[PDB]
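Scroll down for the structure; my scribbles are underneath it.
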Amino acid sequence: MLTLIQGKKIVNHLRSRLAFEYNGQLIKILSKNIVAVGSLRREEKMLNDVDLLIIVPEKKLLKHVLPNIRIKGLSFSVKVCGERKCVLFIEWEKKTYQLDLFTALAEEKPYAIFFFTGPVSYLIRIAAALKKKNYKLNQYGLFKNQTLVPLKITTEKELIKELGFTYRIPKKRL
DNA sequence: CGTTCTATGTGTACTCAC
DNA sequence: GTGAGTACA
DNA sequence: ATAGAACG
Ligand SMILES: Nc1nc2c(ncn2[C@H]2C[C@H](O)[C@@H](COP(=O)(O)OP(=O)(O)OP(=O)(O)O)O2)c(=O)[nH]1
Ligand SMILES: [Mn+2]
Ligand SMILES: [Mn+2]
């Protein structure tokens, strides 16, 4: 059980204090690559976890980022962890809260921000409407017949447009 | 023929068996 | 190592 | 979004 007001605050603590351990060397993830997503990006009044998105700049780093995740000074358990999804139950001023971390390559930034803000039913109703047209939309790309179709694309709003859906700010998405 | 309702996707990390 | 089958998005 | 079905 978690409300937006400190959900905002928890993410503020972390914007500066996420890092991983790359073959002995700690490396800090900088906020120009931390994105809030999920119900927090959609400004839901009440949350039941925080979903952060971590953008790694080169592929060779994916294997090491999340399995070796380190947040400065706060205890947490990993329930699950791989190289593109990890889940952490963290201690917030004597409160236990669920933290889901994901990772996207730069090449995936909009596709991944889209997919990971949601809401769920939004996603089910766009991945459907695009399959009809012999496409498939997932976390990583827009694919027609197992080949990525190139889109001169950078942010979310251009992707939502260039595939043919009305763009609504996170809060008003469904 | 219009109004209303309904349904619809996809991938990751995990776990036991052969 | 593969991989069906599951928890959980 | 969109299309198929029940409804009138
Ligand atoms: N819940 C859910 N999320 C999914 C699913 N598939 C993809 N997603 C994406 C969209 C969600 O924004 C994101 C996971 O978000 P969460 O499951 O934590 O819920 P959300 O953040 O949207 O609201 P919440 O965390 O429940 O307060 O993953 C799915 O099948 N179920
Ligand atoms: Mn969430
Ligand atoms: Mn989550």
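All Cβ positions, even for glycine, are placed from backbone atoms using ideal geometry, and neighbour counts span all protein chains on display. The numbers here are math on the coordinates, done by the rules we state, and not lab data.
Expressed as an acute angle from 0 to 90° and rounded to the nearest 10, what is the orientation of the C-alpha long axis of helix A:4-15 relative to the principal long axis of chain A? With rounding to tens, the tilt is 70 degrees.
Build a GNM of chain A with springs between Cα atoms under 10 Å apart, and of A:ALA36, A:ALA127, A:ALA112 the one that fluctuates most is A:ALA127.
For A:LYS144, the residues 5 or more places off, or on other chains, whose built amide H falls under 5 Å of its own are A:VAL149. Per-residue 3J(HN,Hα) values for the range A:126-143, derived from phi via the Karplus relation 6.51 cos²θ - 1.76 cosθ + 1.60 with θ = phi - 60°, read 9, 5, 6, 4, 8, 5, 2, 8, 6, 10, 7, 10, 9, 4, 9, x, 10, 10 Hz in sequence order (x marks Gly and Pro). The A:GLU58 and A:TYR135 beta-carbon pair, evaluated with R₀ = 41 Å, returns a calculated FRET efficiency of approximately 0.90. Magnitude of the charge dipole for the range A:62-139, about its Cα centre and with charges confined to Cβ atoms of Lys, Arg (+1) and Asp, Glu (-1), is about 300 debye.
Let a ≥ b ≥ c be the square roots of the eigenvalues of the Cα gyration tensor of the range A:106-174; is it rounded (a/c under 1.5), or, if not, prolate (a/b larger than b/c) or oblate? In terms of gyration-tensor shape, oblate.
What translational diffusion coefficient, in µm²/s and rounded to a whole number, does the Stokes-Einstein relation yield for chain A at 37 °C and a viscosity of 0.692 mPa s, taking the hydrodynamic radius as the Kirkwood radius over Cα pairs?
Numbers: Rh = 17.1 Å.
Estimated via Stokes-Einstein, D reaches 193 µm²/s.
Placing unit charges on the Cβ atoms only, positive for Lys and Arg and negative for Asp and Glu, gives the range A:87-130 a dipole magnitude near 160 debye about its Cα centre.
Each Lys and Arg contributes +1 and each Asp and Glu -1, all at the Cβ; summed about the Cα centre of chain A, the dipole is approximately 440 debye. In a DSSP loop and with at most 10 other Cβ atoms within 10 Å, the trypsin sites (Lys or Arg not before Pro) in the range A:1-85 are A:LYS45.
For A:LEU66, no residue 5 or more places off, or on another chain, has a built amide H under 5 Å of its own.
Between the listed residues A:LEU2, A:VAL87, A:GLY73, the Cα displaced farthest toward the positive end of the dipole of the range A:1-90, a dipole computed from Cβ unit charges relative to the Cα centre, is found at A:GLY73.
Each residue of the range A:27-38 is assigned a 3J(HN,Hα), and the resulting list reads 10, 8, 7, 9, 5, 4, 9, 10, 10, 6, 9, x Hz, derived from the Karplus form 6.51 cos²θ - 1.76 cosθ + 1.60 (θ = phi - 60°), x at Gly and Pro.
Across the options A:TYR122, A:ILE34, A:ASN138, the greatest Cα extent toward the positive end of the charge dipole of chain A (unit charges at beta carbon of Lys, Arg, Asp, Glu) belongs to A:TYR122.
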